[PDB]
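First the structure, in the form of structure tokens, and then the observations on it.
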Amino acid sequence: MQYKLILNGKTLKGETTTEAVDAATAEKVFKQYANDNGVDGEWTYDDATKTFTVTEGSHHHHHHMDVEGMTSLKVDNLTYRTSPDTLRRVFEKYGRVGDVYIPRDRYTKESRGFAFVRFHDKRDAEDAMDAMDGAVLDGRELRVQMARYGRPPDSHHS
């Protein structure tokens, strides 16, 4: 039986198989592989796919002085060729983004170029706002700053 080991480790994330005569035999070889590489994840075996999953996220609970989340980011100098999916795809790399609001203003087709992106927590936004201030989505480095505005009035309707 060729068992698949799902390396969901902090060190690695890969897949491997061994021709094992038994699940107990397979898990040993997987344990060797995991232990040698340096992943100590929650051993969970799935019979359906015959896979051994070691889930190792490693977050702990010692680090947390955070307060408020759902921070919005402000991207400016934004190109009008930018689609909402575009920023969402980029920003989600820097942090856990929930949704993005790239306004589609047809009143000023060339005046204000801005968009908003809404992240999980400030922790996610910090990496994003700092990084993407100077990020090129196509032919423009976006002006990404932290937009901690309280209550979007949305009164920008011409």
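Count begins at 1; order follows the chain as displayed.
For this deposited structure, the header notes the method as solution NMR.
Note: Cβ is positioned from N, Cα and C throughout, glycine not excepted.
Copied over from the PDB entry:
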- 57-65: linker (SEQADV)
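Feature annotations, courtesy of Swiss-Prot:
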- 71-149: domain 'RRM' (DOMAIN)
- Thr79: phosphothreonine (MOD_RES)
- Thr82: phosphothreonine (MOD_RES)
- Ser83: phosphoserine (MOD_RES)
- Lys109: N6-acetyllysine (MOD_RES)
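Note: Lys109 (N6-acetyllysine) has non-local neighbours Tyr80, i.e. same-chain residues 6+ apart with C-beta under 8 A of its own C-beta. DSSP assigns the residue listed as 'phosphoserine' to coil in the three-state reduction, outside any helix or strand.
In sequence order, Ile102, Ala115, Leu137, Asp138 make up the list of same-chain residues 6 or more apart from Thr82 (phosphothreonine) whose Cβ falls under 8 Å from its Cβ.
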